[PDB]
Amino acid sequence: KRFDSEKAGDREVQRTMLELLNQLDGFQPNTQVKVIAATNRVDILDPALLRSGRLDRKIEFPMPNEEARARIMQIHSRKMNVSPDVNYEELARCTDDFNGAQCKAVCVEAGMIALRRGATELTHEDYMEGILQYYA
Amino acid sequence: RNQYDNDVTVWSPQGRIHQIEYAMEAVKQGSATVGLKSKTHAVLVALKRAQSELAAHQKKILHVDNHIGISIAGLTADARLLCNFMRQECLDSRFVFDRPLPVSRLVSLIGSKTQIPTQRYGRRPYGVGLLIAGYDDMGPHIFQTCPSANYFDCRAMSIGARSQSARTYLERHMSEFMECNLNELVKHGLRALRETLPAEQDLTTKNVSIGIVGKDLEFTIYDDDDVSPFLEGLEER
Amino acid sequence: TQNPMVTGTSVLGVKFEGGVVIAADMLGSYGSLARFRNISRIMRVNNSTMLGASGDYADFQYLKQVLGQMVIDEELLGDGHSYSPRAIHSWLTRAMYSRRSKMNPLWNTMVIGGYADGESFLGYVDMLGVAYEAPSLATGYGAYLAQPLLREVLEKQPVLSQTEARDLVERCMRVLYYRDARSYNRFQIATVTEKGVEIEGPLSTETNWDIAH
Amino acid sequence: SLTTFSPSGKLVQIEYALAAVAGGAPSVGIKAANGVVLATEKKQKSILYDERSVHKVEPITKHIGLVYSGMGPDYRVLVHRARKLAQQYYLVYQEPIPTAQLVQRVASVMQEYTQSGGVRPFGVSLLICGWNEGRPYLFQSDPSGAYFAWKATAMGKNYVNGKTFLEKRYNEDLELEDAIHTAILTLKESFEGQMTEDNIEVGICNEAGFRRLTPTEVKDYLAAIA
Amino acid sequence: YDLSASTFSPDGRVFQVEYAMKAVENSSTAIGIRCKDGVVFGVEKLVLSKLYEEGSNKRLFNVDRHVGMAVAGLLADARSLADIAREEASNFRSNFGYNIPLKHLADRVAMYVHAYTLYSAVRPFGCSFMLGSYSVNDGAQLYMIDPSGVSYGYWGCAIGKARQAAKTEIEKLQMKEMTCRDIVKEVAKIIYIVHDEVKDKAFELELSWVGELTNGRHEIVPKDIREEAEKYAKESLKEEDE
Amino acid sequence: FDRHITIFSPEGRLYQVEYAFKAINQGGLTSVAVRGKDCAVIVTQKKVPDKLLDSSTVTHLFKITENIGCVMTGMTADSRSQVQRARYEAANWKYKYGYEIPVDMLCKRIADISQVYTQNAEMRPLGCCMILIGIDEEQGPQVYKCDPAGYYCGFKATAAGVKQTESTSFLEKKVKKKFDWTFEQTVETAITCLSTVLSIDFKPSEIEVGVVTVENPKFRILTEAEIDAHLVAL
Amino acid sequence: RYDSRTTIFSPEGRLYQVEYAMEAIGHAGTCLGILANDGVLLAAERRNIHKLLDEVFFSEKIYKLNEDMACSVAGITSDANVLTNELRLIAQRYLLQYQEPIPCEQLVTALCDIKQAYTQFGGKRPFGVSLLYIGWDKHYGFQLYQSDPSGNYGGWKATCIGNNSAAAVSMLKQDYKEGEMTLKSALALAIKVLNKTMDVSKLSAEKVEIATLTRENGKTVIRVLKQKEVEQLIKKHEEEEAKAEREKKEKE
Amino acid sequence: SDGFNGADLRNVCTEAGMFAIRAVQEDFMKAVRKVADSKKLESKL
Amino acid sequence: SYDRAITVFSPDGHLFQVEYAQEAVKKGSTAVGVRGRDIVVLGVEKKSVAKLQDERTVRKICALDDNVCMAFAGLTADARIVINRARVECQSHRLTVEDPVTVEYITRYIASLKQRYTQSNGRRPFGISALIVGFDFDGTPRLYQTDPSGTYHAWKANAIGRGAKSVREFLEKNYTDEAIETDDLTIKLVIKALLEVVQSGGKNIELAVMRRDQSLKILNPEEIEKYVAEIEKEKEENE
Amino acid sequence: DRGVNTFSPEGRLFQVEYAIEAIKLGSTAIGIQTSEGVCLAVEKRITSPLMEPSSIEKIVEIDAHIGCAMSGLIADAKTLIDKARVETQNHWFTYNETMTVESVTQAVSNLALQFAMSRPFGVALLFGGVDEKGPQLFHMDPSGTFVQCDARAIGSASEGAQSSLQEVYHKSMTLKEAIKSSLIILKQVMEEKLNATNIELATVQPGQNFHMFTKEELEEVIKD
């Protein structure tokens, strides 16, 4: 927000931010440049750094759907020595909010899991346990 | 996800509500139950778990009305409360009208209730997922209900842990579904449970409960022995 | 409802072999001060059921609105399930029984007609809650001097034709008009058949007094 | 929500309420021999404001006047409930509520509203005046539900210097006219800009009963003593 | 902070209603157009699981004989609000003997939403909706309602993910002077064109209307009519592709 | 601890009430009102995004009773809630006292209610400012603007919204010269004030203008015909 | 959230609220009471007697609960007001019930029970006031009692509370006999105690408030000493103090 | 129209040129698209 | 009203509140009780009182009936409230049945009260520990104890308070029917236990005893002086 | 997870989990069902000496045809058992019969489900009853999950006792074998020696009603 007055180091970050702003909003066409920014704390960011001559076209990364999870796991399995029997779509269904690289990590863990015994096939349930009383 | 994840009354800055997601997680943690149906028969094949070798398997098939049965997966306490509620509703409906309560109406009412304590800062959802097999004037009905109240009228559905194998089998064999005898109906449900269960584990006549409803047959429960003919006639691998 | 002030008169119903036909006058009365006439005591509950009353018209209208709302609810549901004539019969029985028990009875003697799935329904939910299912009904003071004819005719001939039933009900209501202080030469017939419910406007019978002279 | 006694034996929320009251519209009271005089800075924020709609000095009864410094809305609610309490007193006792009981009950209301969880205590200090009996009474009521009888006093932005000024000014021998002079002089020394007659509101309380002086009389007194 | 409905953010913005609209921005779509002699509704019912069935959970319902509505968002809140409007309409009918005006109905449901966003021990509804109705004495009327509870009379509108594209293709129409018959095919084209198959895989188009043709009664589009509209939408898709 | 609905900061400063004022300002539009010698007028911006809407369906003017008009500036839901609450209050007032509620009482009731909202830490101060216009037996064109904080102040000329301040300054300037206006003079003053503070020319469409006159104690939202007539005339 | 925590226990068995009330009482003005065989008395400091203050109410720290009992309050004045209203209610309900005045111990027990209910009933802060009662019961004659925010109460011959209560009570215990010191000398005892305790040796009727309960005509009488009487008690106290000082220095 | 930027013009023009290549830009009905785009960016912040 | 939950279970599975309450009871005064064949004795530390402090207003021991007597350890107001509740209950039981309340029944009632006040959805669990001694209408020297948590048990003797630990080990040791044969030597054992914390012979040990169905009686201070004198004679003889 | 009734992100209410922890901390009890009846043996937690065995009550009687053993909070068991007894007698009054053990157990669990009450009970119960289907044993946990078991063990030694029960139990024994094996395991798991005063032992048989064993038979079986 650039107005918080906590302590030092803050103000240094604000000069660096303002230098960024200058570098593309000043008396300079800056024609031969292409800035692409990447952030995760979407909400908390400088209102001026924000956009409209600075960071426009703010593409958004959503949570992958079932299809997206199926596609990502397929992509990571392309080089995997998968046997000719896969429920990729149903594994995507099992994902249940498995958005991030977790798909890649799971394909790797499945490789290691099969490698326990030296195999090339998908159990499809040891795959969930790689994924990761009372009633039931 | 710091904060934004206590009580249903708090809206996350993502359009998301997470207590409901947790309730659905508990639904998955519940045990496997598959419901499927033909023109005139609805079969719920359910895996009753064994907490201990000295403790009998937890029954999970409840006959609420003559023409309505439920298979539960999740908190047994909330399942019991909901079963009591549906029994009361069926009795009241029969009292007011000498009719079998329509399955769709019953499921809608249950969804409404389980929604009600999702908009007040004093209560919690019901982490219980139900598969309902009913037989109304329109015939057999298979419904799935979750804590979110998003009831789904399905040709064949599966809930609880390991439900994905049942989902796969049902999707594969839907074409056959709606075109099979009652025995084939039960056999397909049993095959779904076999796929869901670990390969080493096999459906004895102790782990399976079969609730069958349909024309000229009020919802009948088959446990212990009544499951025996189906398992005996069932195919193997 | 603890005062008899403004009602109509007796109502009639016959379980026609192919349907159910009921008749009721358009007399509103306040003790020899016949109130505005063209009120009727019959309405169409649904495509396969009709309601009629022979009690306090205000209570009858109240019942009409509540039941109309209920049936509208069922239709809106869109599930295809439709209230059965017997289901409505039971609902009404329960309603008047509860009102009686709590000491606010609904002052309406009921005549429920219906025809569902090729089955003809005929009910006589009375004041306190007494239920009935007979081929013929003569509710109100017209019971004594109408139900004998219907009963004997049905016993000697169970299955009846549409026109014969219509003529019999017209003759019976004509006798009612001859021998009723609170009758009226203007009545509605509501009939339910597989095709639906039809109300034949405000008909009047061909009453004759010179027959007795 | 107010139970949070700091680790000092004090209730910081009422402390803050007193601070806000201090940050309130200046008002002054002076009790004379035959009556009391109440005044307050009514300066609106523009000539736009209809300077006859929002009053600052309110007669709660034909012989009881009430003014405040602080929150206007809280003031409205408190004066309304004071009118109420006084009125039920009148009904039961077919006689106006004496200032003692009225202020006792108003302070009791203040405290009772202080003594719950979903309640934010009022932010007004009140300056009730009355002529019950042949005696004139002035009482300051504190957000903390404390009622103090007074001779003369000031509240608002400059209440401390108003208090010392009134200390040095007052003498038991003082007629209501000189009391008005003193109150208006206090408001002058505590006021910024000219005292346009209608930007200052004042009310007296005498044997004739409490009455808010009209713009005519307030203009007269200002143009005289200025 | 942005946790409870009490927290007026320093800007003066209550963040919980903003989060409610954010949640609303998850359902597929719900479009409607007020023809000169009625109202037409379409919706992009996404079959989440292939095992589901037609004639199942719907995002449109009937309130009274003379009102319909289409919803988009949390289906639980959707059904709750639909039933709600149901009983308000019924109670108005009980009180005054006639069908409630859509204006007053939208007013009351909007108040209900407004109260559940004001209070503290509750949460705002996670779904928006649109109310359509027709009468001879008052023409055809259409309204939309949001978690904040805004009731504005639209000649045509939509809600959901592709609300913006819905609005654009709505303004690409002489909504003032067409009838329900062609507007239904137009709505089918709307749904199909805005539909993102690449993302949603499965899909189904659900349609309905209420107008003079139906004597001011809301009903699903008949089977044949819906099939014809769907065929036209597919052919329009091929036209646009070529 | 200021996060609560109304809890004094160290020196007071009910931050949530101040935030309610900011919400009012962020309502998204602007309104102005004036009282003439015997006629009061009010104008307010009126936008029609997407070319849909329009009609009486979209608006911000509301007839609280047959003799009292009112305008809103704030979150539409909150404003309508206030409008209908005030309608309830006025109807009850007529049903109790038998006479149309004076605008002073109407604003007083809404002010007390909003004050209760602020007071109890359970009801939020709903973010909108209300303005009432009416005629009195012995005050003629009464205008009273009430705010969620609980002020019910009457202005010979008032304004609400983002440009409330600039509009107020302009109104002060104009009224400083011969406040004794006629109907046409008053309507011209209001319209021109709003035009000055918006720096926008006006078609009859994108505005709402209401009036009350002593001769005609009836709040009237002038139709597009009269709006354009006045606009083109001046 | 935002509910605070009133009726809760400290991790070390304690009640922050109760202790904060105790320290508030301590910071409050000083007061004390003495029980004598003849009668009972109670002295109280006046924190401020600012000349602008009026003198409408007969007392500024004391209230006559009835014709045979009175209380003195150290702490929040409004809390004290409501507490004494509750006391009047309880005692007069008792009188209605039994056609006779309530015993002091019973009234104290009732109010202390109410205090405990406040301390244990959800989010309602306990009253920040400590009470000192002087009464006459037919059972124990004259009686002096002290009650705290915790609900703890004790009937004592004499004690002090408020500011400098510790030093005041220490000196009192040092210089207090058991069954003597009638009002005539108890007045001087109280005056000297307050002179050493208030920490401003200059004492007059302006800064002090003295109440006395005595039995006469078979009926109780509670009276606050007039300014003249307070001033003569002052004068005599300083006189005997100067005496004792001169003999002590003579010995030295 | 709200905000302060004209870069909406660049966005519409570029994407509409892409549209035309897929198939001028007599498409103010399309410019309202990128107006809505910039306004959804406004919604983001 | 408040309707706010309290007494939340801890990660370990304990109740922080109840442990706080029991330690708050422990911090208080010490009191012992014992039962004989027909005598039930109950001694307790006086806890010091100013020469100006009336003991009548220190009632840390209360006769709830002719067969039940409770010694307190905690907060005096809590003592007063719980005592009044229990005594109203005993009179109510007299209404219900024309027999004196048994110690077992009264202890049940007190435990139920404790459970209610620890799980009544917003309450302050009574930081108190109670010791009751009675003789059933038939006559039985029964002695019961109740923890603040509500758990109560049957006890042939008890000792609760600050010294509860040490006095408990002491009494567990050197206790036998020889000691509890009769009123004789039983007061001596009690006084020896209380002097386990030494130097308070004349400042504490307010004592009461109840014979079988006869009555309860507070031991007068001349008698206490005689008992302590002969007890120290026994001591000096031992050494 | 924090909060009063908040659902923990990994499922469960987390107060059920706290209750399970409390039950585990609790003392140990064992119950065994046989066609000849059901036997209950509960280890006691007698504190320092001077304690009569009739001081801690870890066994209770439900009608003349069920016994119940507890593990956990004494007063929690007291309240739950009070409810169970009241419900049993109400059913007997309304039916001219006695509940089934399943039905009484599920009623008590139904009450336990409500978390008025702000916290789950800290007691786990074992009801050995005799009903239409002979002698049966029902284990109920604070979550409300009730199941009939052939042989159950609860408390501090819950897991070890359960393992021993699994090893020793077969579908065919009698009440005598049940009691002797239970006492063997109880001694093996006891806090100290088997003093015959630190245990409570009850049996309900198709015959003699529920019975508390007296000191004589306790010492007899102990030496056996």
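Top line first, the protein sequences correspond to chains F, L, T, H, M, G, I, E, J and K. When the letters of the first sequence are read in order and numbered with the authors' numbering, they come out as residues 294 to 425, 436 to 439. So the number in the authors' numbering is just where the residue sits in the second sequence, counting from 1, plus 2. So the number in the authors' numbering is just where the residue sits in the third sequence, counting from 1, plus 45. So the number in the authors' numbering is just where the residue sits in the fourth sequence, counting from 1, plus 8. So the number in the authors' numbering is just where the residue sits in the fifth sequence, counting from 1, plus 7. So the number in the authors' numbering is just where the residue sits in the sixth sequence, counting from 1, plus 8. So the number in the authors' numbering is just where the residue sits in the seventh sequence, counting from 1, plus 3. When the letters of the eighth sequence are read in order and numbered with the authors' numbering, they come out as residues 335 to 357, 363 to 384. So the number in the authors' numbering is just where the residue sits in the ninth sequence, counting from 1, plus 1. When the letters of the tenth sequence are read in order and numbered with the authors' numbering, they come out as residues 9 to 123, 132 to 240. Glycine residues also receive a C-beta, built at the ideal position from the N, C-alpha and C atoms.
_So, for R53 of chain K: in the same chain, excluding its five sequence neighbours on each side, which residues have a beta-carbon less than 7 Å away from its beta-carbon?_
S35 and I64
*Could you tell me the distance, in whole angstroms, from the CA atom of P15 of chain H to the CA atom of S9 of chain H?*
16 Å
_Within the continuous alpha helix (DSSP H) that includes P231 of chain L, where are the two ends?_
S230 to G235
*Starting from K153 of chain G and walking both ways along the beta strand (DSSP E), at which residues does that stretch end?*
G148 to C154
*When F:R344, F:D339 and F:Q325 are compared against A341 of chain E, the one with the closest alpha-carbon*: F:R344
_Residue interval of the beta strand (DSSP E) (run including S150 of chain L)_ = First-last for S150 of chain L: undefined, no H or E at that position.
*Can you grab the Cα-Cα spacing for the pair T200 of chain G / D209 of chain G, in whole Å?*
10 Å
*If you follow the alpha helix (DSSP H) that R224 of chain T is part of, which residue opens it and which one closes it?*
Where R224 of chain T is concerned, there is no enclosing alpha helix (DSSP H), given that its DSSP letter is neither H nor E.
*What residues from chain I crowd round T161 of chain H, counting only those whose CB sits closer than 9 Å?*
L55
*How is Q95 of chain I classed by DSSP in three states: helix, strand or coil?*
helix
_What does the Cβ neighbour count give for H155 of chain K, buried or exposed, with the cut at 16 atoms within 10 Å?_
buried
_Please give me, in chain order, every unbroken run of the beta strand (DSSP E) with length at least 3 that falls completely inside the stretch 67–154 of chain M._
67–70, 74–80, 134–142 and 146–152
*Quick one: any contact between the stretch 117–127 of chain G and the stretch 76–89 of chain H, if contact means 3 or more CB pairs under 8 Å?*
yes
*Helix, strand or coil for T87 of chain I, going by three-state DSSP, please let me know.*
helix
*Would the stretch 11–25 of chain M and the stretch 82–96 of chain H be scored as touching if the rule is three or more Cβ pairs under 8 Å?*
no
_Separation of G158 of chain T from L72 of chain T, as counted between CA atoms_ = 21 Å
*If we count the other Cβ atoms within 10 Å of its Cβ and call it buried at 16 or more, is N345 of chain E buried or exposed?*
buried
*Let me know if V374 of chain E comes out buried or exposed under the rule of 16 or more other beta-carbons within 10 Å of its beta-carbon.*
buried
*asked:* Suppose the cutoff is 6 Å on Cβ atoms and the five residues either side in sequence are ignored; what does the same chain contact list for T388 of chain F look like?
replied: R362
*Could you pull out every unbroken beta strand (DSSP E) segment of at least 3 residues lying fully inside the stretch 190–215 of chain J, listed in chain order?*
207–212
_8 Å Cβ cut-off: residues of chain G touching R20 of chain M_ = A31 and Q34
*Hey, is the stretch 137–156 of chain L in contact with the stretch 107–117 of chain L, meaning 3+ C-beta pairs nearer than 8 Å?*
yes
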